[PDB]
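FYI the Cβ positions are ideal-geometry reconstructions off the backbone, even for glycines, and counts take in every protein chain you see. Where a number appears in this text, it was derived from the coordinates with a stated rule and is not lab data.
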Amino acid sequence: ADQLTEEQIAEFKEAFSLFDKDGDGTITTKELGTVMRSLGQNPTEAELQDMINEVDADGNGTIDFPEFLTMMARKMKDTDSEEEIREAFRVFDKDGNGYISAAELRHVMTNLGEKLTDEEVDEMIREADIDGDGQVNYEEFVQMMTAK
Ligand SMILES: [Ca+2]
Ligand SMILES: [Ca+2]
Ligand SMILES: [Ca+2]
Ligand SMILES: [Ca+2]
């Protein structure tokens, strides 16, 4: 961690300032769990504890400024899954431009083994479609997947 002087410390700081809700310099299930669920992880106590202990080095329990830096490194790959989902997005996108229209997706759904109508699909679009242009782009699609 020699190549992480004030230069890096400042950067990582922000990533460690948002998590630390209490405002002391540590992170716990309460904090980490407050941001982790924001993305769509909703990790259980056992999960948070395991992640906290894994990074916990000092030997106290709650992640610190230095220890945290360790997670931000491993947690960077944990999200990699993003791609694993991309593939799916492609399938739906027939034309292959970026936005998944109602018709494009509508057809896909059928393949599964059912017969849906503009109405049925409409209810779906209003789910992922954020802006409301009758489309479901990558971003809009991702949210849906991680939306309960
Ligand atoms: Ca804290
Ligand atoms: Ca710690
Ligand atoms: Ca499309
Ligand atoms: Ca859209």
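Amide H contacts for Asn137 (H built 1.01 Å from N in the peptide plane; partners 5 or more residues away or on another chain; cut-off under 5 Å): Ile100.
Farthest towards the positive end of the charge dipole of the chain, among the residues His107, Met76, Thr146, is the Cα of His107, using unit charges on the Cβ of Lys, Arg, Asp and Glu.
Per-residue Karplus couplings for region 87-102, computed as 6.51 cos²θ - 1.76 cosθ + 1.60 with θ equal to phi - 60°, are listed in order as 2, 4, 3, 4, 2, 4, 5, 5, 3, x, 9, x, 9, 9, 5, 4 Hz, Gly and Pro entered as x. Rg and Dmax over the alpha-carbon atoms of the chain stand at 20.3, 60 Å. By the count of other C-beta atoms within 10 Å, a proxy for reagent exposure, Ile52, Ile27, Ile130 are ordered fewest to most as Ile130, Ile52, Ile27.
For the chain, what's the relative contact order in percent, using C-alpha pairs closer than 8 Å and at least 6 residues apart?
That works out to 15 percent.
Partners of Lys75 within straight-line reach, counting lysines whose Cα lies under 28 Å from its Cα and excluding those fewer than 8 residues away in the same chain: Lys13, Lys21, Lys30, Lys148.
When only C-alpha pairs under 8 Å and at least 6 residues apart count, what is the relative contact order of region 79-146, in percent?
Relative contact order, region 79-146: 29 percent.
When the chain is treated as a GNM with alpha-carbon contacts under 10 Å, the residue of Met109, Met36, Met51 showing the greatest mean-square fluctuation is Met109.
I'd like the FRET efficiency for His107 and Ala1, computed as 1/(1 + (r/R0)^6) with the beta carbon distance as r and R0 of 41 Å, rounded to 0.05.
With a Förster radius of 41 Å, E is 0.20.
Using 20 Å as the cut-off for backbone N distance, which residues of region 19-56 belong to the label zone defined by a point 7 Å from the Cα of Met145 along Cα→Cβ? 36-43, by backbone N distance to the label point. In plain terms, the residue of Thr110, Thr70, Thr26 with the fewest other Cβ atoms within 10 Å comes first and the most crowded comes last, giving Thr110, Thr70, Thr26. Put a plus charge on the Cβ of each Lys and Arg, a minus charge on the Cβ of each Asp and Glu, and nothing anywhere else: the dipole of the chain about its Cα centre is then about 320 debye. Bridgeable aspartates and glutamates around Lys115 (alpha carbons under 15 Å apart, same-chain partners fewer than 8 residues away excluded): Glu104, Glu123.
Sort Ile63, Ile125 so the one with the fewest other Cβ atoms within 10 Å of its own Cβ comes first.
Neighbour counts put them in this order, fewest first: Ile125, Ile63.
Among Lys13, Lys30, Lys115, the residue with the largest mean-square fluctuation in a Gaussian network model of the chain, with springs joining Cα atoms closer than 10 Å, is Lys115.
Note on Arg74 and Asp133: the model spin-label points, each 7 Å out from Cα along the C-beta direction, lie 4.1 nm apart.
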